[PDB]
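One chain comes next, on its own, written out as structure tokens in the form deposited in one PDB entry.
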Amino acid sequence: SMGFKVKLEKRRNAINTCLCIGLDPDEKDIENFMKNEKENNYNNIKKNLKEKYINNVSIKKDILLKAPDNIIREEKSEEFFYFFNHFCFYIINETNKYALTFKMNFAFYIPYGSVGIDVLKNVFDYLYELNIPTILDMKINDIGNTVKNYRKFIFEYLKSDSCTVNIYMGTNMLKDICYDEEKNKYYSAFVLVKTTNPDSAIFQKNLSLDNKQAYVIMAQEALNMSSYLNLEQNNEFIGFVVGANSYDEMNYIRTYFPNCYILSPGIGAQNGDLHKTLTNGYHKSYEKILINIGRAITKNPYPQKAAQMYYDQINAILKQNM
């Protein structure tokens, strides 16, 4: 209804940040949450159980509402589901007031089989209830007929607001990701432009087309496709993933494509410089420079305060730039 372009602008007005919280729980994170909860009489799960929108998740809600010691003795095959889902709800409850958007990387939800996809669905349901803008980081890429399935999963099933896409196969895939002709629906995506891999220069900088590096060619071809599709008219957009640690490229992209949307991972665990990234990617509509922080929040034992720190420092930097 709203369109992601409008959802972001409105939430930005309400919470006055561009922090994007990454929710990428790994096996150790889930184990540690279980062990800690078992040792603290399930303080955090008990807190989760008092929040209203837990009552609106789709999958195995009555399992999620059971007391933890009853899960362990009466529903032991659901133990992992229960603690994984409660870890996610805990992180969301503790940090959401500081988040312009949450980004969930699909890779963390698949490696146990179906169980993590139920968790992923419940996480998207929960964020949708909270009216928090979402990004599914799935880096999808395929031919047209195949990628329609990701469109269905991401935008119909999860009802995500956006996703990440790798357009190296071609730009035309976006016609079957960001647009549903039969339903007249439009969706937003961030395409990979400059990544945080230590060897990202191999293909992104060292390849070129008539004196422009590959990353610029890719960004321009993504914007060309957004144009073709008329996304921005329908309150949607195609934006760019530009690594936090990639200051020169961030500076170039923001200069050359003044009003583009950028999603920037790489601060915290991958050591990117927050002040430099945010300053080089700055826009007064700062929803156009999403600063993603995953592990520096989710692997912090004090995640509310971790998220608050990033929120407060982003605030101070936004003020300096304004």
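Rigid core here is just the name for the largest C-alpha set that superposes within 1.5 Å across the two forms. When you see a residue number, it is the position in the sequence shown, counting from 1.
Look at the mean CA B-factor for 205 to 213 and for 150 to 158 in the entry; the higher one is 205 to 213. If you average the C-alpha B-factors over 105 to 113 and over 192 to 200, the higher value belongs to 192 to 200. Per the deposited coordinates, the residue with the largest Cα temperature factor out of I291, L64, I30, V57 is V57. Highest CA B-factor among the listed residues (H86, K97, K76, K183): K183.
Residue-level temperature factors show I267 in the middle third of its chain, judged at the C-alpha atom. Looking at the C-alpha B-factors along this chain, the one for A14 belongs to the highest third. Ranked within its chain, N172 lands in the middle third, by CA B factor from the PDB record.
Looking at the C-alpha B-factors along this chain, the one for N251 belongs to the highest third. Among all modelled residues in this chain, the alpha-carbon of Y128 has a temperature factor (C-alpha) in the highest third.
Not on display, but discussed next: the form deposited in another entry.
Just one residue from the list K212, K159, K97, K183 crosses the 2 Å line for C-alpha shift between this form and the one not shown on a rigid core fit, and it is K212. With a cut-off of 2 Å and the rigid core superposed, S246 has a Cα displacement that falls short of the cut-off between this form and the one not shown. When two forms of a protein are overlaid on their rigid core, residues whose CA moves 2 Å or more are considered shifted, and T195 is one of them between this form and the one not shown. Relative to this form, the distance between the C-alpha atoms of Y261 and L207 is increased by at least 3 angstroms in that other deposited form. Compared with the form shown here, the Cα atoms of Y150 and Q204 sit 3 Å or more farther apart in that other deposited form.
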